[PDB]
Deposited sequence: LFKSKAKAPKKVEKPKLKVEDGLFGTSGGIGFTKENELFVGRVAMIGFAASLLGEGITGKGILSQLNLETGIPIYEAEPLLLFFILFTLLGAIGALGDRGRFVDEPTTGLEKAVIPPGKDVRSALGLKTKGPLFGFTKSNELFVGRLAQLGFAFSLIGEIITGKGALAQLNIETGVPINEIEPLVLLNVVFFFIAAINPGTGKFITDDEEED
């Protein structure tokens, strides 16, 4: 009778609902897009912009940053709760939104770890990942940033059922 969809798959009703996940997803979309944009403007990664130590081993990074990365990662895989469902109401649905937000969470956490280890932001990371110069990569990232801002605000169609 009880669904196993809470914290770490529990059935006790503890943990995030799909709505909470969606919200955190929106915040992640905005944060990630603003990280990319911000690096485009300032030429520095978001951690360096916030004046957090970079180009260092993970264990020397700020514990709050590390716990934020852990939180983001565990959130992306729904380990903090995935309660209830999104159903079609009898062009993006709220589930699509949820997955855009999960992609955002993944990419964000990734770029953060990368900036901790190497000292380079998501843009430079993309350049080294692909081997394509920055000037050719910025128009695509800008399109991505716009999409993230759009999705972050887009309500999405469908309702949430416990």
Q) What ranges of the deposited sequence are left out of this structure? A) 1-16, 107-134, 207-212
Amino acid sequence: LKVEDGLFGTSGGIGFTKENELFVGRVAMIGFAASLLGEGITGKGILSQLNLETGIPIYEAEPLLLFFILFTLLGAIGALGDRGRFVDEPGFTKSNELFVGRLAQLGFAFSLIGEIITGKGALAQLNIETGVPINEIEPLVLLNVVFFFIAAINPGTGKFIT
From here on, numbers count along this sequence of modelled residues.
Q: Could you check the entry and say whether 125-133 or 97-105 has the higher mean CA B-factor?
A: 125-133
Q | Residue stretch of maximal mean CA temperature factor, 136-144 vs 12-20 | A | 136-144
Q: Please rank the C-alpha B-factors of the chain's modelled residues and tell me whether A34 sits in the lowest, middle or highest third.
A: lowest
Q. Which third of the chain holds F110 when residues are ordered by C-alpha B factor: lowest, middle or highest?
A. lowest
Q) Lowest, middle or highest third: where is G43 by Cα B-factor in its chain? A) middle
Q. So where's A61 on the chain's Cα temperature factor ranking, which third?
A. highest
Q) Sorting the chain's CA B-factors, does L73 end up in the lowest, middle or highest third? A) lowest
